[PDB]
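Chemist: One structure follows; several queries about it will come next.
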Ligand SMILES: [Zn+2]
């Protein structure tokens, strides 16, 4: 397809009641699910990125890292909270105990898969705006994709930071849309 939808880290631990919740993150699930249905209908590639951490990951507080344990491989916290079609491409990131990966491109084959499927433009949604959404969007820009941010299908943790990240992405050429 020429376009792809990239759904970033829509997992149980990043939703309210999870180990690392994005405030009101569950509120965007109907709209993310709607975009998935829409892109599926447009015959677009659908990609879902997930944090897929081993126990004792370097980013966790048990290793002096910044975050509580979250999105551990083969646990309920790592499960998707969105409805994905059978032909969704699943990208698992940060799987090695001593390597972190914020962007869905970092340490993965995402660029290669996108190009292999003839993708030219990518639509980004998911959580959190100022963290893995931002990083993924900026990395897609690096690789030469036209990048869109789905305004009504992202959520971040702090309003001031979400604010800064959106302004930043726009300035670097990422287009903010909804439909
Ligand atoms: Zn993580």
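In the entry's author numbering, the protein residues as written are 2 to 180.
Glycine included, every Cβ here is placed at the ideal spot set by N, Cα and C.
Are there any heavy atoms of ligand 1 lying less than 7 Å away from the beta-carbon of residue 172, as far as the coordinates show?
Modeler: Not so, every heavy atom of ligand 1 lies at least 7 Å from the Cβ.
Chemist: Under 7 Å: does the beta carbon of residue 104 sit that close to some heavy atom of ligand 1?
Modeler: No; taking the cut-off as 7 Å, the Cβ of residue 104 has no heavy atom of ligand 1 nearer than that.
Chemist: Please determine, among 147, 126, 25 and 173, the residue with the shortest C-alpha to C-alpha distance to residue 153.
Modeler: Out of 147, 126, 25 and 173, 126 has the C-alpha closest to the C-alpha of residue 153.
Chemist: Is residue 95 near ligand 3, with its Cβ less than 7 Å from a heavy atom?
Modeler: What this structure holds is ligand 1, not ligand 3.
Chemist: For residue 173, report the span of its beta strand (DSSP E) as first-last.
Modeler: Where residue 173 is concerned, there is no enclosing beta strand (DSSP E), given that its DSSP letter is neither H nor E.
Chemist: Please report how far the alpha carbon of residue 55 lies from the alpha carbon of residue 156, in whole angstroms.
Modeler: Using only the alpha carbons, I get a separation of about 25 Å.
Chemist: When burial is assigned at 16 or more other CB atoms within 10 Å of the CB, is residue 179 buried or exposed?
Modeler: By the 10 Å Cβ count, residue 179 comes out exposed.
Chemist: Please find out if some non-hydrogen atom of ligand 1 comes closer than 7 Å to the beta-carbon of residue 144.
Modeler: Incorrect: residue 144 has no Cβ contact closer than 7 Å to ligand 1.
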